[PDB]
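> Protein chains in written order, with the authors' numbering: chain D, 2 to 248; chain h, 2 to 86; chain a, 2 to 107; chain 1, 2 to 126, 132 to 146; chain 6, 8 to 105; chain d, 2 to 31, 36 to 77; chain T, 62 to 122.
Can you keep this structure in mind? I'll have questions shortly.
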Amino acid sequence: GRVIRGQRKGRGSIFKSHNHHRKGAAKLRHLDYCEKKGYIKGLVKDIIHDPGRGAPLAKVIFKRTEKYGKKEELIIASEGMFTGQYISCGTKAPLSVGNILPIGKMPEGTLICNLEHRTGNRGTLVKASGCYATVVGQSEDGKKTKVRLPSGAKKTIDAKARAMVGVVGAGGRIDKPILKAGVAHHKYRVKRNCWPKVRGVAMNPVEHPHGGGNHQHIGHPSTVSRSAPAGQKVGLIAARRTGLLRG
Amino acid sequence: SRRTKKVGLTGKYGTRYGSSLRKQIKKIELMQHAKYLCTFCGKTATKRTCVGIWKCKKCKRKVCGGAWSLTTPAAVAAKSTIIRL
Amino acid sequence: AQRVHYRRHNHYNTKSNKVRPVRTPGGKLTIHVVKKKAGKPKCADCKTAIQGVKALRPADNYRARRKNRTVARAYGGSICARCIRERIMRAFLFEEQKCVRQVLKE
Amino acid sequence: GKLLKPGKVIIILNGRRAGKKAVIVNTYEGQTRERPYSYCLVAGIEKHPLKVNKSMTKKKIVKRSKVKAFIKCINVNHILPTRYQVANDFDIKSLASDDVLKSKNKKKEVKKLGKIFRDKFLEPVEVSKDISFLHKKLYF
Amino acid sequence: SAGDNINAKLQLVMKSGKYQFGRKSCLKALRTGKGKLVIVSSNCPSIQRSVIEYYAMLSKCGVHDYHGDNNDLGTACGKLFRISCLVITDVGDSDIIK
Amino acid sequence: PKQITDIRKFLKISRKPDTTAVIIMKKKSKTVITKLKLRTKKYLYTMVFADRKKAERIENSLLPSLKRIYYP
Amino acid sequence: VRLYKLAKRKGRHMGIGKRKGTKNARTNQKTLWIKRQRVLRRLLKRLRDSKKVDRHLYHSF
RNA sequence: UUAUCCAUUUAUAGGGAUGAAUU
RNA sequence: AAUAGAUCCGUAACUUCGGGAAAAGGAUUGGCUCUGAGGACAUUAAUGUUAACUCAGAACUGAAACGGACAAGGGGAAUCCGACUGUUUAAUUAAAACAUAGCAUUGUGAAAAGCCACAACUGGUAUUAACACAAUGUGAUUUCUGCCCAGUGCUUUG
RNA sequence: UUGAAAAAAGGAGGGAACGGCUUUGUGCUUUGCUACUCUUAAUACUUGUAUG
RNA sequence: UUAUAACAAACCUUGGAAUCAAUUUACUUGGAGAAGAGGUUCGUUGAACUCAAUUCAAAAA
RNA sequence: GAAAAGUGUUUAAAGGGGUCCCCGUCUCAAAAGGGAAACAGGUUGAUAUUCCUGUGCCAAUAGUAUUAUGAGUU
Ligand SMILES: [Mg+2]
Ligand SMILES: [Mg+2]
Ligand SMILES: [Mg+2]
Ligand SMILES: [Mg+2]
Ligand SMILES: [Mg+2]
Ligand SMILES: [Mg+2]
Ligand SMILES: [Mg+2]
Ligand SMILES: [Mg+2]
Ligand SMILES: [Mg+2]
Ligand SMILES: [Mg+2]
Ligand SMILES: [Mg+2]
Ligand SMILES: [Mg+2]
Ligand SMILES: [Mg+2]
Ligand SMILES: [Mg+2]
Ligand SMILES: [Zn+2]
Ligand SMILES: [Zn+2]
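Below, the structure written as structure tokens:
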């Protein structure tokens with residue numbers, strides 16, 4: 002038959018991200034001598050909306066320790082940060098909302114965001130509006146730290162890995178119903194063209210495993226193996242259980 | 002004369018949209034549109050500009066907050082913990 | 002009424018091609034393309050319009066006299082007066098505080 | 002008490018002398034049909050002596066250390082008084098005179114003031135903190 | 008308890024004595040030497056607070072960091088507007104000076 | 002186009018060697038009004054003398070190497 | 062047309078039958094309100110200037 | 001760890017204890 | 001075909017209390033001649049110069065006529081389907097089809113992950129990071145979603 | 001849904017550098033003298049024919 | 001830079017506001033300084049305004 | 001990759017600005033985005049903000065030497 006919707010996506014044509022209006026990538030500071038041995042202070046000069054995001058960014062300006070000039074970075078804004086607030090980043094930084102510290106230097110229970118999964122990664126985990134990771138332990142041999150991601154998953158990362166004390170701004174955005182179709186239209190219009198979503202069951206056979214039939218029904222189990230191929234991964238991929246989640 | 006009894010701010014939506022959904026929107030709308038107390042000037046002038054941005058008409062200071070309320074409880078808790086530490 | 006028409010190649014109602022209907026000595030009503038209103042040069046800090054500087058487009062700003070581009074303070078036509086004052090205060094007060102801190106330490 | 006004493010150093014906050022430091026000479030504090038504001042009357046430095054290095058030759062050093070002064074009457078609400086006071090190091094009455102502000106040869110007076118400042122800078126004394139502060143161009 | 012005491016003192020001052028509230032007036036008072044003690048709200052904007060402190064130092068005056076917000080400082084006086092910083096220029100029966 | 006009011010300034014302009022042409026116009030006013042135009046390389050300066058005799062005198066004064074245009 | 066205008070001025074043509082737009086379209090309620098308020102406010106301003114009214118009274122009114 | 005692979009930046013200090021900041 | 005514009009009246013069942021609703025159903029409307037209501041100024045509370053157009057009311061009038069042409073809803077009582085605005089078979093199908101918000105499920109903690117693309121190297125999602133992205137199903141709300149894992153799937157331990 | 005970018009231009013911070021001529025020694029240093037540094041416009045002259 | 005005048009703003013000086021005030025069609029704003037009194041600027045506008053000049057007569061430097 | 005082609009910093013010794021340092025893929029892509037500066041009258045059988053008359057505006061304008069124009073210094 003034909004190429005399914007999903008398959009089309011990968012070539013990225015009309016299916017690339019809508020990148021034009023975005024302010025730029027959100028990234029932590031480069032991991033310089035400063036950040037590794039002491040702290041460096043910056044100022045959030047403005048907090049600003051990024052289109053495809055649900056969380057505002059903070060433009061924070063730093064002084065280059067190696068060259069005369071100010072340099073502007075793009076952080077994700079933690080809740081409670083404000084314009085003209087001072088941000089401190091480094092091994093020997095103090096533990097306040099907004100600052101950026103190695104996970105090793107925060108007592109357990111601390112709440113962090115924009116976490117690097119390896120050191121230097123410029124921040125990778127807990128970025129979406131509302132989310133945070135919690136420090137749940139530091140190994141007695143040191144070196145690693147144990148964190149709990151918004152999913153529930155526990156992961157062990159390097160203590161040298163950086164993070165930002167506090168929670169990401171714009172929380173509870175998902176609490177409000179997207180009452181109208183058009184408001185969702187507007188939302189995805191700034192991400193990528195994954196809206197309208199036709200049901201495979203509403204398609205013809207050429208178009209989808211689910212396609213066709215006199216009655217509009219799936220016709221076969223809709224749980225597909227991990228070891229399926231491109232046009233078979235169409236329903237509930239690799240589903241370990243199904244039905245209303247009781248656990 | 003007070004126009005709506007239970008509807009309030011959701012009078013713009015009218016008859017359409019589930020009533021339950023409208024009720025929820027109402028709370029959220031209220032949260033959004035209330036002039037919050039600015040923790041700098043003191044004047045209740047902080048209003049929502051974007052999703053997580055809250056600007057004051059007094060200071061022009063943009064404070065990062067929650068999507069609908071200026072402070073989500075979790076964030077407050079986190080702050081408190083930090084303070085205690 | 003006397004009907005008019007565009008004369009400057011661009012025949013679309015764009016922000017740059019905004020038009021003012023003008024009467025001529027010949028009696029004919031003619032079209033004149035209005036030069037766009039430039040945004041007022043605003044402060045480096047609070048982004049509020051700076052006085053003393055004429056709001057002119059990058060083209061018109063080059064021909065204009067230096068008096069229409071500059072204010073005679075320190076940071077001049079880049080920072081409003083209040084902000085300048087604030088900066089000055091910061092420079093002094095902070096410095097003073099530093100000294101005090103040093104004294105305390107010693 | 003009365004913070005603005007004749008001789009104390011102050012930082013101008015407003016006008017063409019934006020962030021300049023100066024010494025007040027005669028405080029008036031009397032509103033009139035003329036000046037409906039308490040005003041200070043101040044002699045200050047507009048152009049500070051540029052940084053100098055030991056290796057440099059004497060004439061060039063001297064040139065570097067030339068100070069361009071100014072004398073201005075200014076509303077007290079526009080000056081920040083400092084803890085630093087130069088009552089001793091400067092014979093203040095000699096610097097600025099009320100009558101001379103009105104006088105034609107104001108430029109000459111200014112020049113004289115500048116010269117005096119330069120001289121003071123040259124001969125430190132023992133060494134006052136206030137004078138050092140005055141010397142150091144304010145960075146903002 | 009301390010806060011309560013402070014409030015009481017403020018009230019007393021209001022009842023009997025001479026005070027003036029708000030930045031510029033306070034500054035003027037300080038300049039004069041008329042100020043006996045200044046009280047600064049928690050939320051008073053940093054630079055201005057610093058300036059006030061400096062002024063106080065210059066006049067060998069007390070600075071009193073009022074524990075509560077701008078709004079409170081105002082509610083603390085008989086006023087329905089926020090105050091920020093005030094200057095006692097004459098204490099009545101009140102003790103706050105000592 | 003420029004208007005002139007200081008007679009002296011006008012005279013000075015006239016004295017200046019980039020002034021090739023002059024114009025003198027007569028207008029029935031709503036008496037005889039007279040416009041004195043000087044045509045410089047860059048600008049055309051014009052003076053309105055309400056008083057005929059004065060205008061005449063000024064014209065007389067004007068250098069006789071000027072290429073005077075009597076418009077009406 | 063001039064005659065018609067004259068008639069209208071004397072109130073002749075105007076009448077329920079000669080009306081096609083709603084009352085608001087005929088003469089906008091909002092505009093009327095604006096007029097009225099501005100008239101009143103101007104008067105108030107005048108009165109206070111004359112000292113004929115005291116500020117407190119003015120404000121309440 | 002040297003092959004290899006991944007990341008990071010201008011490949012920018014060997015390890016430990018709401019101003020300014022340059023010749 | 002009838003209905004229709006506007007002003008004044010009058011407005012039910014039911015309802016998610018927002019609507020229904022212009023509900024239904026009435027009445028009035030021309031022309032002429034008047035009357036009242038609504039400003040701006042500027043003189044000194046009276047006196048002036050003067051501006052729109054809009055209201056409201058009263059006479060008289062006519063072959064009882066008047067939104068005189070033009071323009072301009074038929075309405076109601078119900079039942080079935082879809083909630084709704086939207087989209088679609090260009091040239092036989094405009095829908096009860098699709099979408100939709102909402103609900104639910106599943107996978108994935110990352111450059112050795114998820115889903116997809118590419119002959120290959122490389123790439124997209126991704127200037128992304130679980131309030132995310134990908135993949136399904138159902139289709140606002142209200143009220144609920146029983147039982148069955150033998151069969152076929154998917155999946156977990158070795 | 002927060003609603004382009006750059007060319008180009010401007011402002012500010014910052015304080016590098018510093019008058020001309022003549023003589024002497026190896027651009028630099030020393031000595032003596034006082035109209036100098038700018039800036040428009042015009043003009044004259046060489047250099048390829050110096051306004052579109 | 002058309003000269004000015006007028007006006008919506010923004011800012012400055014003075015002034016110190018509960019008997020809350022100023023204020024818009026709307027709300028907005030005010031001890032982080034309101035009203036009021038005097039100003040400055042940008043922007044509209046592009047001869048408005050006595051704008052300019054002239055006619056002379058009186059008062060200062 | 002057999003090539004044709006497919007990718008565009010993934011392990012580059014990738015021209016400019018200052019007085020050796022500091023920057024830096026190139027190039028095309030808008031006759032509705034950005035952008036140096038023009039208007040009026042007149043004129044032809046047919047062109048006109050393009051010709052003519054008049055009035056302007058914008059960008060250039062090497063070096064040396066004179067000149068005038070005013071600044072600043074002494
Ligand atoms: Mg869906
Ligand atoms: Mg669907
Ligand atoms: Mg089908
Ligand atoms: Mg199939
Ligand atoms: Mg079918
Ligand atoms: Mg179905
Ligand atoms: Mg209304
Ligand atoms: Mg439908
Ligand atoms: Mg068809
Ligand atoms: Mg459907
Ligand atoms: Mg349903
Ligand atoms: Mg079931
Ligand atoms: Mg091109
Ligand atoms: Mg164009
Ligand atoms: Zn605020
Ligand atoms: Zn500012």
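Even for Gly, the Cβ is constructed at its ideal location relative to N, Cα and C.
For residue 86 (chain a), which option in 58 (chain 6), 14 (chain 6), 82 (chain 6) and 88 (chain 6) has the closest C-alpha, if you only look at C-alpha atoms?
58 (chain 6)
> Would you say residue 127 (chain 1) lies against chain 6 (beta-carbon separation less than 8 Å)?
What the structure lacks is residue 127 (chain 1): chain 1 is numbered 126, then 132, with the residues between left out.
> If the cut is a Cβ gap below 7 Å, which residues of chain 6 does residue 14 (chain 1) touch?
Under the 7 Å cutoff, chain 6 gives no residues; its nearest Cβ is about 10 Å from residue 14 (chain 1).
> Tell whether a beta-carbon distance below 8 Å holds between residue 101 (chain 6) and residue 43 (chain 6).
no
> Leaving out five residues on either side along the sequence, give the residues of the same chain with a beta carbon under 8 Å from the beta carbon of residue 4 (chain h).
12
> What does DSSP give as the partner residues of residue 26 (chain 6) in its beta bridges?
95 (chain 6)
> Give me every residue whose Cβ sits closer than 5 Å to any heavy atom of ligand 2, in chain order.
198 (chain D) and 200 (chain D)
> Please confirm if the segment 45-65 of chain 1 is in contact with the segment 94-109 of chain 1, defined as three or more CB-CB distances below 8 Å between the two stretches.
Taking a cut-off of 8 Å on C-beta distances, the segment 45-65 of chain 1 does not touch the segment 94-109 of chain 1, as fewer than three cross pairs fall below it.
> Kindly identify the DSSP beta-bridge partner or partners of residue 90 (chain D).
41 (chain D) and 101 (chain D)
> What do you reckon, are the CB atoms on residue 80 (chain D) and residue 191 (chain D) nearer than 8 Å?
no
> At what residues does the beta strand (DSSP E) containing residue 159 (chain D) begin and finish?
155-159
> If you measure from the CB of residue 14 (chain a), is any heavy atom of ligand 14 nearer than 7 Å?
no
> Please say whether residue 163 (chain D) and residue 238 (chain D) have beta carbons closer to each other than 8 Å?
no
> Please output, in chain order, the residues near ligand 5 using a CB cut-off of less than 7 Å to any non-hydrogen atom of the ligand.
215 (chain D) and 217 (chain D)
> Thinking just about the alpha-carbon of each residue, which of 23 (chain D), 219 (chain D) and 138 (chain D) is nearest to the one in residue 55 (chain D)?
23 (chain D)
> For ligand 7, any of its heavy atoms closer than 7 Å to the Cβ of residue 91 (chain T)?
yes
> What does a CB cutoff of less than 8 Å around residue 74 (chain T) pick up in its chain, not counting 5 residues either side in sequence?
65 and 68
> Just list the beta strand (DSSP E) runs in the segment 3-40 of chain a, keeping only unbroken ones of 3 residues or longer that don't cross its boundaries, in chain order.
20-24 and 30-34
> Let me know the beta strand (DSSP E) ranges lying completely inside the segment 147-193 of chain D, each 3 residues or longer, listed in chain order.
155-159 and 163-166
> Any contact between the segment 144-156 of chain D and the segment 49-66 of chain D? By contact I mean 3 or more CB pairs, one from each, below 8 Å.
Contact between the segment 144-156 of chain D and the segment 49-66 of chain D is absent, with fewer than three C-beta pairs closer than 8 Å.
> Tell me which residue opens and which closes the beta strand (DSSP E) that residue 60 (chain d) is part of.
Note, residue 60 (chain d): premise wrong, no beta strand (DSSP E); alpha helix (DSSP H) at 57-66.
> Taking the DSSP output, what are the residues bridged to residue 237 (chain D)?
224 (chain D)
> Using DSSP with H/G/I as helix, E/B as strand and the rest coil, what is residue 100 (chain 6)?
Residue 100 (chain 6) carries a coil assignment under DSSP once its states are collapsed to helix, strand and coil.
> So if I threshold CB-CB distances at 9 Å, which residues from the segment 46-70 of chain 6 count as touching chain 1?
Residues passing the 9 Å Cβ filter: 58, 61, 62, 64, 65, 66 and 67.
> May I ask you to report which of helix, strand or coil DSSP gives residue 2 (chain 1)?
coil
> Helix or strand or just coil, what does DSSP make of residue 75 (chain T)?
coil
> What distance in whole Å lies between the Cβ atoms of residue 94 (chain 6) and residue 27 (chain 6), which are believed to be in contact at a cut-off of 8 Å?
5 Å
> Quick one: Cα of residue 1 (chain 1) to Cα of residue 143 (chain 1), how far?
Summary: the structure shown does not reach residue 1 (chain 1), with chain 1 confined to residues 2 through 146, and so no result is reported for it.
> Can you list, in chain order, the residues of its chain whose CB lies under 6 Å from that of residue 69 (chain a), leaving out five sequence neighbours each side?
55, listed in sequence order.
> The segment 66-82 of chain h: which residues have C-beta closer than 8 Å to a C-beta of chain D, in chain order?
Those residues of the segment 66-82 of chain h that come within reach of chain D (Cβ to Cβ, closer than 8 Å) are 66, 67, 68, 69, 70, 72, 73, 75, 76, 79, 80 and 82.
> Kindly indicate which residue of 69 (chain 6), 8 (chain 6) and 23 (chain 6) has the alpha-carbon position closest to the one of residue 84 (chain 6).
23 (chain 6)
> Go through its chain and collect everything with a Cβ distance to residue 72 (chain 6)'s Cβ below 7 Å, but skip five positions before and after it.
47
> Could you work out which residue in 36 (chain a), 96 (chain a) and 30 (chain a) is closest to residue 84 (chain 1) when comparing CA atoms only?
96 (chain a)
> Considering Cα atoms alone, identify which of 15 (chain 1), 118 (chain 1), 30 (chain 1) and 20 (chain 1) is closest to residue 93 (chain 1).
118 (chain 1)
> Who does residue 204 (chain D) pair with in a DSSP beta bridge?
None, per the DSSP bridge assignment.
> How far does the beta strand (DSSP E) with residue 108 (chain T) in it extend, from its first residue to its last?
Per DSSP, residue 108 (chain T) belongs to no beta strand (DSSP E); it is in the alpha helix (DSSP H), 90-110.
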